[PDB]
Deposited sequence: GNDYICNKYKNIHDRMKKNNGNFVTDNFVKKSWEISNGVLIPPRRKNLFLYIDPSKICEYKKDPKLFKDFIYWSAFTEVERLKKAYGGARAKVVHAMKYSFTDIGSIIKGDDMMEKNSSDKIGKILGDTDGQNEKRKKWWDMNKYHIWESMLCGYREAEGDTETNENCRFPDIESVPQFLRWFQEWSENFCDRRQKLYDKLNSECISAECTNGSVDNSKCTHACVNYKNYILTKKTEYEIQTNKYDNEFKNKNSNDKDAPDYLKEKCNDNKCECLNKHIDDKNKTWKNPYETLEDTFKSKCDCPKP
């Protein structure tokens, strides 16, 4: 029947029995974490890629088993994302792309959350000293199959629900992780800021400012949630814009400033709320 996905579904079922399962953490409404001065996407925290240290030698001797472990991990990563987004297809599709590229970053050892998974992969692929060429070669050879494994994980996860976004090999694959994370941050900010603003609109209907603060407590709670989110996000935006301006802007033929980079990379008007009210009493 599904002859493209049979290879991946079969690798997935055979590996599922031996190894463990994903970490359920429901990252969707979580705040971004600062780890070693770096803002980390909530999605990245429990990305499904765990090398069992007692298996390093087997993966070193059997390249087919290592290829299979990566395809199974990428497939399972999609399943984890489907659970997190409650089957909202358009959200899973977009997040799959970021997870796929972070899988690439972890393999290549350019991941900014941790070096432990990357370290072990370096041993498996035989990389030496601090060199990453062996892992770069493996990524460029297997990345198209890895995306197919993820597309298959997606297909198992949602059979036919309508999804607007394209599913071709992600153009973001060549983009440095900081920039991908900044885009994810930006899209996530506009979406959540809207939802929190709707909650503020929904609870502050009959609410009025009398003798200082607002009368309705459910409205005050939505006001503080909104204000705390904006204060936090304004700071997260400055830290990211500062790193953008200092390390990326005017380098590698990129004369664009942060909002223009986002205007170019965010598709479907997702970052428009960037570069563009009744609680304070």
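Not built in the structure, per the record, are deposited positions 1, 278-298, 304-306.
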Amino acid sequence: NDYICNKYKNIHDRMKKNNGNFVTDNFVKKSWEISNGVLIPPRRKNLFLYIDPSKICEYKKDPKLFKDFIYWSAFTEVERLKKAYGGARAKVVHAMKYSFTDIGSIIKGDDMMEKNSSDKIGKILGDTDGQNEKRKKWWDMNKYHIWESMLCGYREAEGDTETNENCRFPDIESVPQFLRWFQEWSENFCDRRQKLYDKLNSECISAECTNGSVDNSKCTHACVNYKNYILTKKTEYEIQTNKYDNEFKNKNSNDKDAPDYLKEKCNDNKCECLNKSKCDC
From here on, numbers count along this sequence of modelled residues.
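For the pair 207-215 and 90-98, the mean B factor over Cα atoms is greater in 207-215. For the pair 159-167 and 104-112, the mean B factor over Cα atoms is greater in 159-167.
Between the residues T235, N246, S31, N254, it is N254 that shows the highest Cα B-factor in the PDB record. When the Cα B-factors of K67, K227, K55, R43 are read from the PDB record, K55 comes out highest. When the modelled residues of the chain are ordered by their C-alpha B factor, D198 lands in the middle third. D129 sits in the highest third of its chain by CA B factor, as recorded in the PDB entry.
Among the modelled residues of its chain, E272 has a C-alpha B-factor that falls in the middle third, as given in the PDB entry.
Ranked by C-alpha B-factor against the other modelled residues of its chain, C223 falls in the highest third. Remark: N242 belongs to the lowest third of its chain, ranked by C-alpha B-factor as recorded.
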